[PDB]
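To begin, one chain is listed below as structure tokens, in the form deposited in one PDB entry.
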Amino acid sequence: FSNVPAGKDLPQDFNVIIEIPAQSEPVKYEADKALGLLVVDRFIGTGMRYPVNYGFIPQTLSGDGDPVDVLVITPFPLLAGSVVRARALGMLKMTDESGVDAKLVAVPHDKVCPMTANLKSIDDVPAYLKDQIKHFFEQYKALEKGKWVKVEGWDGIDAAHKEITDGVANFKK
């Protein structure tokens, strides 16, 4: 993982390593860059499943000390541990008991997934799905004692790119 480039053309053309496929059984994996393996992190107490694929941009460091994380919408779930070339639609702003958290929302490169080319920004994402994603983050850790998540709202591509820009910078010191 630690040698996969952050992107062909940052911040708009970036790579995402998938950790949790959309609709997978409710087990959270986290990539160990140090090992090149997915690690079983948690069996989700609520047993709720990610509504979209979940992963990270390698060679990034967000303020929380982990890589920039990303939700990638696709017509079929992606393989855990695989890498996909992606583009941003925006971000979901949240705060939990430890501080700010933001998850980017992305889709594959148009050449990879023509099915998603019509999605130009976060607002093109179907209402039911944005609502579903918001609900997921608000509730999935409900049975993890000591934890809480509050969703603040959505932001656009600019904000997503800033997040990418900074994470790439921080990672290099």
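Start at 1 and count along the sequence shown; that's the residue number. Residues that one form lacks are left out of the comparison. Rigid core here is just the name for the largest C-alpha set that superposes within 1.5 Å across the two forms.
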**Item:** Of 138 to 146 and 49 to 57, the one with larger mean CA B-factor
**Value:** 138 to 146
**Request:** Averaging only over Cα atoms, indicate whether 122 to 130 or 60 to 68 has the higher B-factor in the PDB entry.
**Result:** 60 to 68
**residue 99 by Cα B-factor - lowest, middle or highest third of the modelled chain** = highest
**Request:** Sorting the chain's modelled residues by C-alpha B-factor, tell me whether residue 114 ends up in the lowest, middle or highest third.
**Result:** middle
**Prompt:** How does residue 22 rank on Cα B-factor within its chain, lowest, middle or highest third?
**Reply:** lowest
**Request:** Could you tell me which third, lowest, middle or highest, the C-alpha B-factor of residue 35 occupies within its chain?
**Result:** highest
**Asked** In terms of the chain's CA B-factor thirds, is residue 16 lowest, middle or highest?
**Response** lowest
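Another form, the form deposited in another entry, is not on view; read the next lines as being about it.
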**Prompt:** Any idea which of 31, 119, 133, 113 has its C-alpha shifted 2 Å or more between this form and the one not shown with the rigid core fixed?
**Reply:** 31
**Core-aligned C-alpha movement of residue 144 between this form and the one not shown reaching 2 Å** = yes
**Request:** Kindly check if the Cα atom of residue 61 is displaced 2 angstroms or more between this form and the one not shown relative to the superposed rigid core.
**Result:** no
**Request:** Pin down for me whether the residue 36-residue 18 Cα distance shrinks or grows in that other deposited form relative to this form (closer or farther, change of 3 Å or more).
**Result:** farther
**Complete:** Taking the shown form as reference, the Cα pair residue 52 and residue 45 shifts by 3 Å or more in that other deposited form and sits closer
**Message:** Residue runs between this form and the one not shown with every C-alpha shifted 2 Å or more, at least 3 long, rigid core fitted, in sequence order please.
**Reply:** 27 to 43, 45 to 48, 143 to 147
